[PDB]
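Visitor: Next comes target12.pdb, PDB, C-alpha atoms (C1' of nucleotides):
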```
MODEL        1
ATOM      1  CA  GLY A   1      31.922   4.257  -6.966  1.00  0.00           C
ATOM      2  CA  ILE A   2      31.389   2.864 -10.524  1.00  0.00           C
ATOM      3  CA  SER A   3      29.176   0.001  -9.129  1.00  0.00           C
ATOM      4  CA  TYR A   4      27.729  -1.400  -5.830  1.00  0.00           C
ATOM      5  CA  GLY A   5      25.782  -4.386  -4.319  1.00  0.00           C
ATOM      6  CA  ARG A   6      24.903  -6.347  -1.114  1.00  0.00           C
ATOM      7  CA  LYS A   7      26.444  -9.846  -0.653  1.00  0.00           C
ATOM      8  CA  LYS A   8      27.593 -11.914   2.398  1.00  0.00           C
ATOM      9  CA  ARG A   9      29.523 -15.218   2.112  1.00  0.00           C
ATOM     10  CA  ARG A  10      28.338 -18.118   4.407  1.00  0.00           C
ATOM     11  CA  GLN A  11      24.780 -16.498   4.543  1.00  0.00           C
ATOM     12  CA  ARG A  12      23.211 -14.554   1.527  1.00  0.00           C
ATOM     13  CA  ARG A  13      23.612 -13.334  -2.139  1.00  0.00           C
ATOM     14  CA  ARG A  14      20.052 -13.213  -3.731  1.00  0.00           C
ATOM     15  CA  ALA A  15      19.581 -10.232  -1.322  1.00  0.00           C
ATOM     16  CA  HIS A  16      20.868  -8.018  -4.256  1.00  0.00           C
ATOM     17  CA  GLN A  17      20.492  -9.867  -7.643  1.00  0.00           C
TER      18      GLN A  17
ATOM     19  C1'   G B   1      -2.449  -6.970 -17.789  1.00  0.00           C
ATOM     20  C1'   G B   2       1.327 -11.112 -18.439  1.00  0.00           C
ATOM     21  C1'   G B   3       6.645 -13.311 -19.025  1.00  0.00           C
ATOM     22  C1'   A B   4      11.942 -12.956 -18.937  1.00  0.00           C
ATOM     23  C1'   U B   5      16.561 -10.627 -19.270  1.00  0.00           C
ATOM     24  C1'   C B   6      18.085  -5.427 -16.261  1.00  0.00           C
ATOM     25  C1'   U B   7      18.016  -3.040 -11.487  1.00  0.00           C
ATOM     26  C1'   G B   8      16.906  -1.814  -6.152  1.00  0.00           C
ATOM     27  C1'   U B   9      15.345  -4.470  -1.654  1.00  0.00           C
ATOM     28  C1'   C B  10      14.351  -8.497   2.333  1.00  0.00           C
ATOM     29  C1'   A B  11      14.318 -13.909   5.923  1.00  0.00           C
ATOM     30  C1'   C B  12      17.228 -19.416   3.133  1.00  0.00           C
ATOM     31  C1'   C B  13      21.247 -22.577   1.160  1.00  0.00           C
ATOM     32  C1'   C B  14      25.280 -23.863  -2.267  1.00  0.00           C
ATOM     33  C1'   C B  15      30.182 -22.734  -5.072  1.00  0.00           C
ATOM     34  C1'   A B  16      35.313 -19.809  -5.280  1.00  0.00           C
ATOM     35  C1'   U B  17      39.531 -18.243   0.370  1.00  0.00           C
ATOM     36  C1'   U B  18      45.373 -20.099  -5.303  1.00  0.00           C
ATOM     37  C1'   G B  19      39.228 -13.900  -4.602  1.00  0.00           C
ATOM     38  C1'   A B  20      40.069  -9.632  -0.499  1.00  0.00           C
ATOM     39  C1'   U B  21      40.034  -7.610   4.740  1.00  0.00           C
ATOM     40  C1'   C B  22      38.490  -7.333   9.570  1.00  0.00           C
ATOM     41  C1'   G B  23      35.799  -8.564  14.471  1.00  0.00           C
ATOM     42  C1'   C B  24      34.280 -12.031  18.349  1.00  0.00           C
ATOM     43  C1'   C B  25      34.710 -16.789  21.077  1.00  0.00           C
ATOM     44  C1'   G B  26      38.488 -20.412  21.620  1.00  0.00           C
ATOM     45  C1'   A B  27      45.591 -21.937  25.553  1.00  0.00           C
ATOM     46  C1'   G B  28      45.249 -24.186  20.845  1.00  0.00           C
ATOM     47  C1'   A B  29      44.181 -25.616  16.021  1.00  0.00           C
ATOM     48  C1'   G B  30      39.344 -24.612  15.458  1.00  0.00           C
ATOM     49  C1'   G B  31      34.230 -22.294  15.187  1.00  0.00           C
ATOM     50  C1'   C B  32      30.701 -18.081  14.364  1.00  0.00           C
ATOM     51  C1'   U B  33      27.713 -14.404   9.761  1.00  0.00           C
ATOM     52  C1'   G B  34      29.965 -11.772  13.440  1.00  0.00           C
ATOM     53  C1'   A B  35      30.707  -7.244  10.158  1.00  0.00           C
ATOM     54  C1'   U B  36      31.979  -5.796   5.048  1.00  0.00           C
ATOM     55  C1'   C B  37      33.153  -6.407  -0.294  1.00  0.00           C
ATOM     56  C1'   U B  38      33.352  -9.404  -5.070  1.00  0.00           C
ATOM     57  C1'   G B  39      31.870 -13.227  -8.647  1.00  0.00           C
ATOM     58  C1'   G B  40      28.440 -18.205 -10.940  1.00  0.00           C
ATOM     59  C1'   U B  41      21.468 -18.218 -18.064  1.00  0.00           C
ATOM     60  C1'   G B  42      24.019 -22.553  -8.910  1.00  0.00           C
ATOM     61  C1'   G B  43      18.571 -22.703  -6.929  1.00  0.00           C
ATOM     62  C1'   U B  44       9.780 -24.722 -11.617  1.00  0.00           C
ATOM     63  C1'   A B  45      13.585 -21.395  -3.774  1.00  0.00           C
ATOM     64  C1'   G B  46       9.370 -16.770  -1.879  1.00  0.00           C
ATOM     65  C1'   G B  47       7.541 -11.549  -1.957  1.00  0.00           C
ATOM     66  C1'   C B  48       7.758  -6.230  -3.271  1.00  0.00           C
ATOM     67  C1'   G B  49       9.306  -1.149  -5.902  1.00  0.00           C
ATOM     68  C1'   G B  50      11.766   1.127 -10.595  1.00  0.00           C
ATOM     69  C1'   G B  51      13.271   0.406 -15.551  1.00  0.00           C
ATOM     70  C1'   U B  52      13.912  -2.521 -20.301  1.00  0.00           C
ATOM     71  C1'   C B  53      12.242  -5.894 -24.267  1.00  0.00           C
ATOM     72  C1'   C B  54       8.466  -8.916 -26.127  1.00  0.00           C
ATOM     73  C1'   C B  55       3.219 -10.307 -26.269  1.00  0.00           C
TER      74        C B  55
ENDMDL
END
```
Using structure tokens, write down the structure that the file contains.
Guide:
Amino acid sequence: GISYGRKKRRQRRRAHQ
RNA sequence: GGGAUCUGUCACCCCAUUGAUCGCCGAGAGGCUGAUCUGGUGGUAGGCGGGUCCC
């Protein structure tokens, strides 16, 4: 894929960025 | 060696469900991070590896 990440609504987002 | 913007990672919470899909529990609406993905120089919230720019 052109890009990727690791994010989960209702729980976490600073786990990636 | 230091700081931030960049990236990769890990326990917290917010915002968008007129952003997208699923799973589980629930007669039922409803609930759960339960799994995944996306987005906010939202957060002097914490740590660590790589790279960039400045000093």
Visitor: What are the residues of chain B lining chain A at 9 Å or less? Count only C-alpha atoms (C1' of nucleotides), and put the answer as a PyMOL selection string.
Guide: chain B and resi 7-10+12-13+33+36-38
Visitor: Taking (9.5, -14.2, -0.5) in the coordinates of the supplied file, I want to know which residues reach to within 9 Å of it, counting only C-alpha atoms (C1' of nucleotides); could you give the answer as a PDB file with C-alpha atoms (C1' of nucleotides), keeping the file's coordinate frame?
Guide:
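That gives us result28.pdb:
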```
ATOM      1  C1'   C B  10      14.351  -8.497   2.333  1.00  0.00           C
ATOM      2  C1'   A B  11      14.318 -13.909   5.923  1.00  0.00           C
ATOM      3  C1'   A B  45      13.585 -21.395  -3.774  1.00  0.00           C
ATOM      4  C1'   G B  46       9.370 -16.770  -1.879  1.00  0.00           C
ATOM      5  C1'   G B  47       7.541 -11.549  -1.957  1.00  0.00           C
ATOM      6  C1'   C B  48       7.758  -6.230  -3.271  1.00  0.00           C
TER       7        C B  48
END
```
Visitor: Can you work out the spacing between atom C1' of residue 6 of chain B and atom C1' of residue 19 of chain B in Å, to one decimal?
Guide: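 One can read the atom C1' of residue 6 of chain B to atom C1' of residue 19 of chain B distance as 25.6 Å.
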Visitor: To one decimal in Å, tell me the separation between atom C1' of residue 5 of chain B and atom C1' of residue 40 of chain B.
Guide: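 Separation between atom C1' of residue 5 of chain B and atom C1' of residue 40 of chain B: 16.4 Å.
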Visitor: Report, in Å with one decimal, the straight-line distance from atom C1' of residue 16 of chain B to atom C1' of residue 34 of chain B.
Guide: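 Calculated distance between atom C1' of residue 16 of chain B and atom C1' of residue 34 of chain B is 21.1 Å.
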Visitor: When distances are computed from all atoms listed in the file, which of B:53, B:4, B:15, B:22 shows the smallest separation from residue 35 of chain B?
Guide: B:22
